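Shown below: start.tsv, with TSV, C-alpha atoms.
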chain	number	residue	atom	x	y	z
A	973	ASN	CA	-45.88	-155.73	-112.71
A	974	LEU	CA	-46.46	-158.31	-115.42
A	975	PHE	CA	-47.27	-160.88	-112.70
A	976	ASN	CA	-49.77	-158.64	-110.81
A	977	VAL	CA	-47.07	-157.56	-108.31
A	978	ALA	CA	-46.30	-153.88	-107.89
A	979	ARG	CA	-43.01	-152.64	-106.47
A	980	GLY	CA	-42.33	-149.48	-104.52
A	981	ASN	CA	-44.16	-147.80	-101.69
A	982	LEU	CA	-47.78	-146.69	-101.41
A	983	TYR	CA	-49.06	-143.12	-101.21
A	984	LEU	CA	-52.30	-142.04	-99.53
A	985	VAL	CA	-52.81	-138.33	-100.16
A	986	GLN	CA	-56.08	-136.61	-101.02
A	987	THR	CA	-55.94	-135.77	-104.73
A	988	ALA	CA	-59.26	-134.23	-105.76
A	989	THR	CA	-58.78	-133.84	-109.51
A	990	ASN	CA	-60.80	-133.72	-112.70
A	991	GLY	CA	-58.31	-134.53	-115.48
A	992	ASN	CA	-56.21	-137.60	-116.12
A	993	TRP	CA	-55.35	-139.80	-113.15
A	994	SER	CA	-52.58	-142.40	-113.50
A	995	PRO	CA	-51.83	-144.14	-110.19
A	996	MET	CA	-49.63	-146.77	-111.84
A	997	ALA	CA	-47.53	-144.17	-113.67
A	998	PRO	CA	-47.19	-141.08	-111.45
A	999	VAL	CA	-46.16	-138.35	-113.85
A	1000	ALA	CA	-45.15	-136.02	-111.00
A	1001	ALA	CA	-42.31	-136.51	-108.55
A	1002	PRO	CA	-43.09	-138.83	-105.61
A	1003	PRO	CA	-43.71	-136.57	-102.60
A	1004	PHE	CA	-42.16	-136.89	-99.12
A	1005	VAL	CA	-39.58	-139.68	-99.41
A	1006	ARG	CA	-38.52	-141.29	-96.13
A	1007	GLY	CA	-36.09	-139.14	-94.19
A	1008	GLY	CA	-37.11	-135.99	-96.05
A	1009	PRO	CA	-37.93	-132.53	-94.73
A	1010	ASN	CA	-40.08	-133.05	-91.57
A	1011	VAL	CA	-41.34	-136.49	-92.61
A	1012	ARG	CA	-42.02	-138.71	-89.61
A	1013	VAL	CA	-41.78	-142.49	-89.28
A	1014	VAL	CA	-44.10	-144.28	-86.85
A	1015	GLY	CA	-42.55	-146.50	-84.19
A	1016	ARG	CA	-43.19	-150.18	-83.77
A	1017	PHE	CA	-46.49	-150.04	-81.90
A	1018	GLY	CA	-48.42	-147.49	-83.96
A	1019	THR	CA	-49.65	-145.76	-80.83
A	1020	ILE	CA	-51.82	-142.63	-80.65
A	1021	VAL	CA	-51.73	-140.90	-77.28
A	1022	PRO	CA	-54.89	-138.88	-76.53
A	1023	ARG	CA	-54.63	-135.34	-75.28
A	1024	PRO	CA	-57.17	-133.56	-73.06
A	1025	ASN	CA	-59.21	-130.39	-73.50
A	1026	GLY	CA	-59.39	-130.00	-77.25
A	1027	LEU	CA	-55.73	-130.72	-77.93
A	1028	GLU	CA	-55.03	-132.88	-80.95
A	1029	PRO	CA	-54.02	-136.53	-80.47
A	1030	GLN	CA	-50.30	-137.10	-80.86
A	1031	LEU	CA	-48.64	-140.02	-82.63
A	1032	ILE	CA	-45.53	-141.78	-81.34
A	1033	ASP	CA	-42.85	-141.72	-84.02
A	1034	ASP	CA	-39.77	-143.93	-84.44
A	1035	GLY	CA	-37.85	-141.93	-81.84
A	1036	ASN	CA	-40.54	-142.70	-79.22
A	1037	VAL	CA	-41.73	-139.08	-79.27
A	1038	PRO	CA	-45.43	-138.16	-79.58
A	1039	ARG	CA	-45.60	-135.90	-82.62
A	1040	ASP	CA	-48.73	-134.36	-84.09
A	1041	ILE	CA	-50.75	-136.02	-86.83
A	1042	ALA	CA	-51.03	-133.30	-89.50
A	1043	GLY	CA	-48.02	-133.60	-91.78
A	1044	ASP	CA	-46.16	-136.19	-93.82
A	1045	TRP	CA	-45.96	-139.70	-92.35
A	1046	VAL	CA	-44.28	-142.96	-93.32
A	1047	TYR	CA	-45.86	-146.12	-92.01
A	1048	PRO	CA	-44.09	-149.46	-92.22
A	1049	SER	CA	-46.26	-152.31	-93.45
A	1050	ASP	CA	-46.09	-154.31	-90.23
A	1051	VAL	CA	-46.96	-151.32	-88.05
A	1052	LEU	CA	-50.06	-150.71	-90.14
A	1053	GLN	CA	-51.05	-154.38	-89.80
A	1054	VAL	CA	-51.48	-153.97	-86.04
A	1055	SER	CA	-52.40	-150.27	-85.77
A	1056	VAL	CA	-55.16	-150.58	-88.38
A	1057	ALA	CA	-58.03	-149.80	-86.01
A	1058	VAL	CA	-56.01	-146.91	-84.61
A	1059	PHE	CA	-55.13	-145.92	-88.19
A	1060	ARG	CA	-58.73	-145.95	-89.41
A	1061	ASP	CA	-60.10	-144.03	-86.43
A	1062	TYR	CA	-57.44	-141.40	-85.71
A	1063	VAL	CA	-55.19	-140.65	-88.69
A	1064	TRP	CA	-57.20	-141.91	-91.67
A	1065	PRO	CA	-59.92	-139.22	-91.22
A	1066	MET	CA	-57.05	-136.73	-91.15
A	1067	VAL	CA	-56.11	-138.00	-94.63
A	1068	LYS	CA	-59.64	-137.45	-95.95
A	1069	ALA	CA	-59.45	-133.85	-94.73
B	1167	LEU	CA	-59.76	-129.42	-20.26
B	1168	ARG	CA	-61.41	-132.11	-22.39
B	1169	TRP	CA	-62.69	-129.45	-24.82
B	1170	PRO	CA	-59.98	-126.85	-25.58
B	1171	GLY	CA	-60.80	-126.77	-29.30
B	1172	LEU	CA	-64.26	-125.41	-28.54
B	1173	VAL	CA	-63.65	-123.24	-25.47
B	1174	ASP	CA	-60.03	-122.09	-25.34
B	1175	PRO	CA	-59.22	-119.14	-27.64
B	1176	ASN	CA	-55.50	-119.97	-27.71
B	1177	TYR	CA	-56.11	-123.36	-29.36
B	1178	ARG	CA	-53.81	-123.88	-32.31
B	1179	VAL	CA	-55.55	-125.82	-35.07
B	1180	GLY	CA	-54.46	-129.45	-34.92
B	1181	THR	CA	-53.18	-129.65	-31.34
B	1182	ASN	CA	-53.68	-132.81	-29.27
B	1183	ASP	CA	-52.64	-133.89	-25.79
B	1184	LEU	CA	-52.60	-137.65	-26.48
B	1185	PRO	CA	-49.81	-138.86	-24.13
B	1186	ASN	CA	-51.76	-137.09	-21.36
B	1187	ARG	CA	-55.40	-136.49	-22.23
B	1188	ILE	CA	-58.06	-137.33	-24.80
B	1189	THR	CA	-59.40	-134.13	-26.35
B	1190	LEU	CA	-63.03	-134.63	-27.36
B	1191	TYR	CA	-63.22	-131.77	-29.89
B	1192	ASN	CA	-60.59	-131.34	-32.57
B	1193	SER	CA	-59.82	-130.37	-36.15
B	1194	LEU	CA	-60.22	-133.36	-38.42
B	1195	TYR	CA	-59.70	-133.20	-42.16
B	1196	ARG	CA	-62.32	-134.71	-44.43
B	1197	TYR	CA	-61.26	-136.30	-47.70
B	1198	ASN	CA	-62.85	-136.79	-51.11
B	1199	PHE	CA	-60.50	-139.31	-52.73
B	1200	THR	CA	-61.23	-140.29	-56.32
B	1201	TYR	CA	-60.57	-143.89	-57.37
B	1202	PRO	CA	-59.48	-144.02	-61.03
B	1203	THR	CA	-60.17	-147.14	-63.01
B	1204	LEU	CA	-57.86	-147.88	-65.93
B	1205	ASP	CA	-59.52	-148.77	-69.24
B	1206	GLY	CA	-56.72	-147.97	-71.63
B	1207	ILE	CA	-55.98	-149.25	-75.12
B	1208	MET	CA	-53.28	-151.90	-75.44
B	1209	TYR	CA	-50.91	-152.26	-78.39
B	1210	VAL	CA	-48.61	-154.90	-79.85
B	1211	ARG	CA	-45.16	-154.46	-81.38
B	1212	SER	CA	-44.93	-154.84	-85.14
B	1213	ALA	CA	-43.04	-157.68	-86.79
B	1214	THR	CA	-40.73	-155.22	-88.71
Translate this file's structure into structure tokens.
Amino acid sequence: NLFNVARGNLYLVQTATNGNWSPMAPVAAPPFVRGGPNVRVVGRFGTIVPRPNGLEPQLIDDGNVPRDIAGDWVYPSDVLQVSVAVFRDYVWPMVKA
Amino acid sequence: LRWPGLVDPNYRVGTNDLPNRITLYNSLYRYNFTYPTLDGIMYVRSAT
């Protein structure tokens, strides 16, 4: 950190607060570690399948199974480098909600 | 005998006599096939 390089993973949760906010030193426990209770890891393509007639779009996880967006997700860095337009249009507005 | 599908009451729907006789009135079957184009979204595997 002394050479402008942070270690560890990156969290994107909506935290609407008023008091103190320390991103660099999270005082709470880090939520949803990889492999936790119903935390899902995206497969290599980062592929949203669309569903008809008002059904929510599903996301292909590591086990090549389309699972629903709302929940705890782990994205690898390289998946997010190629799914970034799919990220910003399908699952990033679900983060803002 | 050329027109049993219009005259004969015992005409089963879809019956021809083609090795013997051309029937000039029959039961066709009109179609309304749809022709789907494919404009999907194409992905690339991550480096991982």
Chain A residues within 12 Å of chain B, counting all atoms listed in the file: which ones, as a PyMOL selection string?
chain A and resi 1014-1022+1047-1058
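Closest approach to residue 1035 of chain A among A:979, A:1060, A:1068, A:1012: A:1012, based on only C-alpha atoms.
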For segment 1191-1196 of chain B: contacts at 9 Å, only C-alpha atoms, fewer than 6 positions along chain excluded, given as a PyMOL selection string:
chain B and resi 1168-1172+1179-1182
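Atom CA of residue 1167 of chain B is found 7.7 Å from atom CA of residue 1189 of chain B.
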Find the residues near residue 1031 of chain A: any atom within 6 Å, counting all atoms listed in the file, skip ones fewer than 3 places away on the same chain, and give them as a PDB file with C-alpha atoms, in the frame of the given file.
ATOM      1  CA  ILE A1020     -51.820-142.630 -80.650  1.00  0.00           C
ATOM      2  CA  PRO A1038     -45.430-138.160 -79.580  1.00  0.00           C
ATOM      3  CA  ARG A1039     -45.600-135.900 -82.620  1.00  0.00           C
ATOM      4  CA  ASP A1040     -48.730-134.360 -84.090  1.00  0.00           C
TER       5      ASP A1040
END
Using all atoms listed in the file, which residues sit within 10 Å of residue 1066 of chain A once same-chain residues fewer than 6 positions away are excluded, as an NGL selection string?
:A and (986 or 1041-1043 or 1059-1060)
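Closest approach to residue 1061 of chain A from the set A:1029, A:1002, A:997, A:1013 is made by A:1029, with distances taken over only C-alpha atoms.
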